[PDB]
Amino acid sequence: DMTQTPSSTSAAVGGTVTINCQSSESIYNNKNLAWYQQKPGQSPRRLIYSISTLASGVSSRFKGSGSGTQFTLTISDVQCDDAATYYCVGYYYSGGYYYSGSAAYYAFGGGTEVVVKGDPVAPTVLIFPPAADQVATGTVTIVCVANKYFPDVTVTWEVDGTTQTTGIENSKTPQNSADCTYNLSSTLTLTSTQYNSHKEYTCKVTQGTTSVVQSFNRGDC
C-alpha cells in the first residue's frame, strides 16, 4: 500500500509544496509510479509517470522524483490554479510464470489537499429569506452566502438573538483558480411552525477577528 504525506498542506502563491509517498513494497521495474491532480467534479489529470516523466501539457514546475519505495512530488512557484488534491499511484507485479503464479495491483496514496494562500479578502454576505411557496410545504430553508473570501470563515446563525446549533449545512466551493478565493453557502432549515414563531434571522460570517452579519425580520419580506 501507499502512505502519502502530508494529507493537507498549504503554500503562498510563488511558494513550493512537497508531497511524499511511501510504498510498503517496491514498485514494478522500479519505474511504475504516476502522480495525479484532481479538482472537484473532474476526472483525475495525470501529471507525471515513470517516476519523473512529465505528462503532455503539464507545466515544468511539477517535478517527480524518488526510487524504490519513496517518491516525491514538488510543485514550484505554486499558483492558485494548483489548488487541488494530488495522488500518487504505484503499480506492482510479481510472478508471471507457470510455477510462480502471478499477482498485480495498483495502489493509490490517500491524497494531499493543497491550499494556495493568495491575497486576503474579506467576504461579502448575502441572506435570502425563504420564498413564500416554501412555507406552505411545512419546511423552510434560509440561505446565507459568503462570497469571494480568503482565508477561511466560520458561520453562525442567530434567531432572535439565540445562536443555532441544529439544522445548518455549509457548502464551500473549490478555490478560485485565478485568485484563490472561496465562496460559501450556509443554510438554516426550520419547520414552518418554528419559522413563523420567530422574528429576527441572522447569519454571521467570521474571518479571524472580523465578523460580517446579514439579518432580516420575517415580517418585512
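Residues carry their position along the shown sequence, with the first being 1.
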Is the mean CA B factor in the deposited entry higher across 42-50 or across 163-171?
163-171
Can you tell me whether 32-40 has a higher mean C-alpha B factor than 152-160 in this record, or the other way round?
152-160
Candidate set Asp77, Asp133, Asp81, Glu113 [ranked by C-alpha B-factor, highest]:
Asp133
Specify which of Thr139, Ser100, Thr85, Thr72 carries the largest Cα B factor in the deposited PDB entry.
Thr139
Looking at the temperature factor on the CA atom of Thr16, which third of the chain's modelled residues does it land in?
middle
Third of the chain's Cα B-factor distribution that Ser7 belongs to, per the entry
middle
Give the position of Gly57 by CA B-factor within its chain, expressed as the lowest, middle or highest third.
highest
Determine, from the deposited record, the chain-internal third of the Cα B-factor for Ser186: lowest, middle or highest.
middle
